[PDB]
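Supplied in structure tokens, the structure appears directly below.
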Ligand SMILES: Nc1ncnc2c1ncn2[C@@H]1O[C@H](COP(=O)(O)OP(=O)(O)NP(=O)(O)O)[C@@H](O)[C@H]1Br
Ligand SMILES: Nc1ncnc2c1ncn2[C@@H]1O[C@H](COP(=O)(O)OP(=O)(O)NP(=O)(O)O)[C@@H](O)[C@H]1Br
Ligand SMILES: [Mg+2]
Ligand SMILES: [Mg+2]
């Protein structure tokens with residue numbers, strides 16, 4: 001004889017939390033909450049072994065299981081002083097299915113089992129007559145559907161028949177008298193559709209419900225899942241029978257919700273609402289207004305104390321802030337639902353640190369209690385009072401890109417571009433978005449799309465900028481031609497507020513505060529930095545940018561793109577354009593002399609800004625089409641002659657000879673430095689000259705030179721030869737030798753496939769996962785937009801591979817180069833400077849393969865630091 | 001006591017061929033030729049162990065080695081009836097160094113050791129006085145240089161002093177009296193530069209020479225090599241001392257050369273020349289004209305018989321045709337040099353098959369006796385009589401691309417393009433060549449470059465077309481402006497003949513014969529096909545092309561590029577252009593209906609032409625920029641409206657929306673079929689409709705559908721879904737189900753890295769090594785020309801990676817996908833259709849990794865068949 005029924009009640013549980021296998025997911029959870037002393041209404045759980053015996057007994061209850069169940073019902077009846085079927089003191093039950101793991105095709109929950117004409121009459125004496133009858137029709141529908149196999153549409157048919165006959169649109173506007181008549185119609189659907197009438201004996205209703213739960217396990221919907229997921233070794237589903245409690249049984253009863261701490265600020269104070277003589281539905285429906293918890297304390301003192309004690313137990317056992325749902329039924333507090341409560345970014349760090357000071361959790365735990373998105377909220381503008389506008393929220397979409405923005409609405413990109421140039425903050429609103437308007441999106445303070453998703457074009461480009469965005473908000477329809485949003489006709493030009501962190505879109509101008517520092521945040525990040533394994537460098541090409549990086553925690557610079565160090569002045573581009581068009585090696589060397597001071601000065605500032613940290617400078621890797629002006633080839637070629645002074649026929653044939661079909665795979669990277677050593681000699685001279693000058697002013701310079709787009713060790717060996725030669729010249733000309741390192745980019749697939757050859761020549765690798773992703777997938781980053789959305793929406797891709805690292809494909813090359821590289825050169829250092837360097841899931845993969853550091857934009861360093869810490873916990 | 005000197009003579013050898021370790025390379029060879037009974041002048045070899053003992057004895061001859069050497073000299077003296085130093089009957093010796101393997105920095109050969117005033121006087125009595133003195137100065141120079149360490153420039157200084165004083169340019173125009181005076185000047189250089197005079201005792205000269213050979217082994221030039229190549233375990237170099245023989249000692253003596261069979265035709269007849277009373281130098285210098293061997297037989301009968309017997313021994317031992325060098329000295333035949341003789345393509349197969357019929361070699365050996373280039377000669381036009389023009393050859397460069405062409409000279413590409421359109425055969429001659437004129441090179445019948453190489457732009461594009469080319473001919477200087485070749489002022493327009501197989505450039509019109517079949521060739525290739533392991537399919541998009549392939553031995557079609565099946569008619573491109581510009585899915589489907597008949601008809605012809613063989617059709621993979629006309633965007637857009645009838649404003653914005661920055665990585669391959677299933681549905685419909693129609697006419701159809709540019713298994717699964725759906729429609733509409741296969745291209749690196757995922761979905765892989773090479777290296781095939789030559793010439797690359805498979809990089813992905821694919825799908829078939837499919841070294845790599853077949857252009861199938869056979873032997 002084996003036990004198959006396990007009762008649970010406040011402080012008393014026959015099971016335990018570790019028995020997921022026997023009681024199922026929820027059943028073991030109900031035992032857990034009960035054991036720790038939470039006020040859960042009493043009930044019982046029929047084990048999964050019982051379900052198996054039911055199968056092995058021809059889908060008939062096994063021997064003595066029913067007597068075993070009745071024993072448990074008697075326990076529940078005694079704890080509640082109610083009994084099944086008694087109109088004076090009826091026991092109503094919930095029936096829930098649950099396996100050892102999430103499972104589709106399982107039987108749905110059935111509420112208020114134990115109702116019938118007699119019982120419902122009694123219930124109407126404590127609740128409204130409307131509630132009792134509305135609760136009866138719902139049971140008849142759910143029961144007839146979930147348990148008797150009657151399609152839901154048969155009941156709903158008789159419902160819409162009455163609504164149309166009465167002439168009303170909403171269910172809430174059917175009178176209690178109507179619902180009483182509607183009850184009898186539902187009872188007839190049983191006869192019409194099955195020839196068997198609704199069973200009125202609660203015990204009969206329960207037996208049928210127990211069979212249905214076991215039956216649902218062997219359903220086609222269920223078997224179809226378990227076969228797909230290759231999951232063997234499950235006996236069945238458990239049945240969870242629990243007593244129903246109500247908050248509308250009089251003035252001694254009520255329903256409320258709370259977070260054990262404030263979810264916007266993190267204050268260690270209960271935070272919630274409570275409504276006397278009502279149900280949870282009445283709260284969120286808006287039929288009536290709740291009241292702050294304080295009210296409960298002053299009118300239901302004993303119930304409030306038990307609530308306070310319940311909340312203490314929660315945080316003591318779950319070691320975290322909890323979002324709960326409770327109801328007081330005739331002065332007895334009952335715990336219904338609890339779950340870790342959603343927080344704001346600010347509230348996450350506050351609660352994380354407070355619980356550490358409280359000795360409730362350690363720092364390691366705390367580091368995984370603040371999501372990278374939580375931290376992201378703190379790195380961006382924020383709304384002063386998150387809940388002060390709760391009354392003005394008109395819809396809530398997806399939190400595409402965290403942040404907060406406010407501005408006037410405009411329905412096109414060009415006009416969002418017109419409105420920025422005139423001073424104003426623009427909110428771009430379009431049904432969807434495509435690469436055809438990346439410029440207009442770069443002007444708008446915030447973005448909002450009707451059709452979209454976490455991997456939409458709006459969401460991906462927005463996150464790459466840190467720009468606020470709310471994507472995929474089904475509630476909007478956006479008329480480009482008509483210029484109105486119908487969520488309420490929202491005019492073009494009206495002030496709209498967007499919360500990219502909660503997905504909320506809000507009416508009117510809202511108060512905005514800047515990202516500020518706090519002692520909690522400062523303390524939190526210090527924990528992350530101590531536990532961290534990966535160093536976090538920065539991608540900075542400007543002195544001012546290096547400064548911003550170091551302020552954000554950068555431990556150095558892992559990539560200084562030398563091609564992006566000429567956008568500031570026209571004198572700089574006119575200098576660049578002098579070389580691109582150079583044909584005579586005298587004119588080429590002349591243009592390089594014109595460039596030397598610019599490169600040297602910049603490098604000096606960068607070294608000064610990164611005083612005492614590593615600075616990895618990368619040799620040229622130019623986007624030519626970026627350096628040539630807009631217009632006709634008529635308009636464009638005139639400007640080139642206006643800088644260069646080459647003959648107009650000569651400047652023409654040069655653009656001819658410079659254009660490429662595939663520039664991303666063309667004359668770029670080291671292919672330039674090798675074809676034109678003069679170019680590399682100039683750069684390497686500016687570097688060392690700067691290094692010496694700054695060293696002489698007491699600056700600690702730790703320079704690294706880097707060769708881009710290498711696919712062969714011979715390419716790398718070539719540029720190094722050029723470097724070492726220039727190093728001797730500068731160090732001899734200036735009278736100081738300076739220690740440096742020389743390494744390579746690993747952004748070509750061949751470079752990973754033969755990394756062992758390249759490691760014997762290089763002092764460090766850094767993966768350029770932009771090109772490497774482009775080369776591995778054969779996706780042009782400029783042109784990928786022509787099909788990426790079709791792939792994402794059709795399940796071909798799960799993420800924008802240029803944003804989230806492809807671990808199976810791209811990641812295999814990274815894991816390959818690192819292993820081969822370290823095996824061939826134990827002193828090799830390995831890092832990253834592709835965009836994936838700042839992406840959390842990517843960072844975790846990099847710590848996994850044992851990289852030394854990661855590098856990312858200055859604004860992304862903090863997130864990379866937290867990601868680097870979360871992975872080692 | 002260990003033996004360190006090993007004599008050799010006709011039929012008598014103390015060593016053997018397998019003693020390379022002790023006698024060195026040449027020493028073991030001299031023992032080999034002697035053992036088999038060849039008429040090699042007698043000599044001896046001082047072992048490599050002797051050299052080691054010399055080192056371990058402070059660079060002094062070890063104990064008794066000298067007595068051991070003198071014993072060997074006595075043998076040589078007795079076999080020749082000459083003795084060192086005897087003016088009446090002098091023994092002259094050659095001293096040669098030789099290790100167990102090729103070795104730089106080793107001592108050079110020294111000839112005519114044993115000369116002095118007395119001996120040289122005697123020698124002048126048998127040769128000319130000029131020869132004796134010219135031979136003396138040469139010994140003094142070589143000996144003083146190689147053995148005494150006197151720089152060669154000191155002797156040559158006194159030589160140019162006399163030439164300038166006498167006033168003559170060439171050495172051949174110094175009288176014997178001059179050379180006699182020049183001898184004494186060389187003897188003084190010994191005193192001036194060393195204070196030690198020339199040693200006159202031949203035995204002293206030999207001892208010094210033996211020391212020099214041993215010394216050279218421990219030279220800096222030598223040690224620098226062995227250290228580079230990580231080659232341990234060599235004791236030293238052997239010394240090879242051999243008797244000198246001369247063919248200018250009177251009318252009983254002479255010098256000749258022969259191939260044991262004809263090198264142009266393969267006839268089993270000796271083929272060579274012979275000159276009485278002369279030296280090899282007199283032959284090739286042109287001072288005197290040789291005579292056919294037949295002459296030797298009739299005036300030196302005994303010497304000729306011994307030659308005939310020597311040649312029989314050669315072919316009997318070496319089992320191959322031999323190119324030899326012999327001299328008769330006073331009626332004794334002496335064998336000097338032998339080596340496998342170079343043949344023509346025609347001569348290779350003739351000799352290969354004849355030796356099989358003779359039972360001299362088996363078929364397996366014969367298959368490796370015909371180089372892929374030999375066969376290539378037979379697949380192209382050829383010169384009627386290779387040696388009839390030997391008198392007209394003006395220079396010989398590198399055999400870039402095998403073949404033969406004749407035409408008038410032109411010094412530019414545009415004018416070679418002007419001359420083809422007017423009917424004539426053009427020979428393009430430029431110093432070098434670049435991608436700027438691939439069109440002009442496509443017109444010229446032959447190509448000739450002054451500066452180039454086997455990996456020049458001329459040679460690579462020429463081989464890709466099968467077009468004749470002779471590259472890197474230093475003897476030309478090519479004045480573009482002046483229009484003359486100075487090799488002789490060659491005018492523009494003059495008839496020039498080019499032999500791309502021998503690198504010979506020839507004066508005037510030459511006779512050309514077409515590639516014909518022979519029983520030898522037909523028999524040879526049947527051997528190759530029996531032994532072959534890989535099947536050889538063809539890349540054919542046209543019925544006529546499929547025919548040409550099957551005539552060349554194609555076992556099927558491994559790649560039918562569907563994008564190249566619309567170049568024939570204007571009605572076809574106007575149909576294509578209808579779809580590219582389609583925006584309305586009604587107009588898109590309309591354009592597809594216009595295309596269906598074309599695709600169906602073509603497929604029908606292809607199936608018919610490949611009746612009973614596999615045909616692998618590949619879904620669309622279009623080069624858009626190829627389908628749009630030349631001119632301004634003004635001129636171009638008018639034509640699009642002239643086909644489409646779209647509004648001129650609408651056709652404008654469409655080109656805008658269709659252009660790409662990197663089309664090779666853009667909207668192509670399966671990304672089209674997935675974005676526009678209509679396109680794939682049309683193609684797959686034309687395929688099956690054709691398949692059924694031809695099947696109904698008794699044609700055996702074995703169709704395979706193929707998805708291009710896949711990087712994910714989801715991409716592949718998508719198109720297959722479209723295929724299987726259309727297959728049902730056609731098979732139901734026409735009332736016949738037909739067996740087919742569906743597979744994928746493996747041309748994206750990610751597809752190889754996760755091949756196991758793609759193999760569970762595909763029935764076969766074929767590596768597209770064009771894109772895969774492009775993706776792996778990050779080389780754009782269109783734009784790579786901007787730096788590929790700089791890489792090749794600087795040692796960064798050893799081959800054009802798009803021509804020769806990169807085995808370390810690209811090959812790793814191929815070896816990876818195949819292993820993973822077969823492990824996940826044992827029924828998977830793997831092939832190739834990139835250009836590397838027809839390249840011999842690549843084919844060997846593919847048989848290595850165990851591929852099922854290769855595929856290549858119709859004209860390249862025979863070479864691929866021979867390559868496929870050579871690898872398994
Ligand atoms: N004994 C009760 N007294 C009162 N109200 C009750 C009682 N048991 C349930 N309910 C309510 O019935 C509804 C459905 O129950 P569930 O347990 O399915 O709830 P969820 O957690 O939202 N979905 P899940 O993923 O299936 O767990 C909820 O609103 C709960 Br609070
Ligand atoms: N005993 C001889 N009687 C006559 N002439 C002789 C004799 N020994 C040599 N020679 C010639 O001297 C020259 C140089 O001799 P080598 O053996 O070096 O010749 P190669 O094969 O061309 N180069 P290798 O790579 O070093 O072997 C050749 O022309 C030879 Br035939
Ligand atoms: Mg890069
Ligand atoms: Mg391809």
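Counting starts with 1 at the first residue shown.
Placed from the backbone N, Cα and C atoms, the Cβ positions cover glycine too.
Annotations per Swiss-Prot:
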ACT_SITE  A:457  active site, tele-phosphohistidine intermediate
ACT_SITE  A:833  active site, proton donor
BINDING   A:561, A:618, A:747, A:768, A:769, A:770, A:771  substrate binding site
BINDING   A:747, A:771  Mg(2+) binding site
MOD_RES   A:455  phosphothreonine
For the binding-site residues A:768, A:769, A:770, A:771, which ones lie near chain B, with a CB less than 8 A from one of its CB atoms?
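Sorted by position along the sequence, the hits are A:771.
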Among the binding-site residues listed here (A:747, A:771), identify the one with the smallest other-Cβ count within 10 Å.
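Counting other Cβ atoms within 10 Å of each of the binding-site residues A:747, A:771 gives the minimum at A:771.
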How many Å lie between the CA of residue A:487 and the CA of residue A:488, given 2 residues are missing there?
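Result for this gap is 6 Å, Cα to Cα.
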Kindly assign residue A:833 (active site, proton donor) to one of the three DSSP-derived states: helix, strand or coil.
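Coil, per DSSP.
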Near ligand 3, which of the recorded positions A:561, A:618, A:833 are found, taking a Cβ distance under 6 A to any of its atoms?
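Passing the 6 Å Cβ check against ligand 3: none.
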Would you kindly give the Cα-Cα distance separating the residue listed as 'active site, proton donor' and residue A:561 (substrate binding site), rounded to the nearest Å?
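Their Cα atoms are separated by 10 Å.
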For residue A:770 (substrate binding site), find which of the recorded positions A:455, A:457, A:833 come within 10 Å, Cα to Cα.
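Passing the 10 Å Cα cut: A:833.
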From the centroid of the CB atoms of A:561, A:618, A:747, A:768, A:769, A:770, A:771, the recorded substrate site, which same-chain residues not already listed sit within 8 A by their CB, in sequence order?
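So the additional residues around the site are A:559, A:621, A:708, A:709, A:745, A:767, A:772, A:833, A:834.
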Minimum Cβ neighbour count within 10 Å among the recorded positions A:457, A:561, A:618: which residue?
A:561
So which of the recorded positions is most packed in, judged by how many other Cβ atoms lie within 10 Å of its Cβ, out of A:455, A:769, A:770?
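Of the recorded positions A:455, A:769, A:770, the most buried by Cβ count within 10 Å is A:769.
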So which recorded positions are near residue A:833 (active site, proton donor), with CA atoms within 10 Å, out of A:455, A:618, A:768?
A:768
Taking DSSP as the reference, which of helix, strand or coil describes residue A:768 (substrate binding site)?
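In the DSSP reduction, residue A:768 (substrate binding site) maps to coil.
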Could you find out if DSSP has residue A:561 (substrate binding site) as helix, strand or coil?
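Assignment for residue A:561 (substrate binding site) reads strand.
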Reported as an integer number of Å, what is the Cα distance between residue A:768 (substrate binding site) and residue A:457 (active site, tele-phosphohistidine intermediate)?
23
How many Å lie between the Cα of residue A:455 (phosphothreonine) and the Cα of residue A:769 (substrate binding site)?
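Distance (Cα to Cα, whole Å): 19 Å.
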Reported as an integer number of Å, what is the Cα distance between residue A:769 (substrate binding site) and residue A:457 (active site, tele-phosphohistidine intermediate)?
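Rounded to a whole number, the Cα-Cα distance is 20 Å.
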Using C-alpha atoms only, work out the spacing between residue A:747 (substrate binding site) and residue A:457 (active site, tele-phosphohistidine intermediate) and round it to an integer in Å.
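Cα-Cα, rounded: 25 Å.
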Within 10 Å of the Cβ of the residue listed as 'active site, proton donor', how many other Cβ atoms can be counted across all chains shown?
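Step by step: centre on the Cβ of the residue listed as 'active site, proton donor', count other Cβ atoms within 10 Å, giving 28.
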Could you measure between residue A:457 (active site, tele-phosphohistidine intermediate) and residue A:771 (substrate binding site) for me? Cα positions, answer in whole angstrom.
20
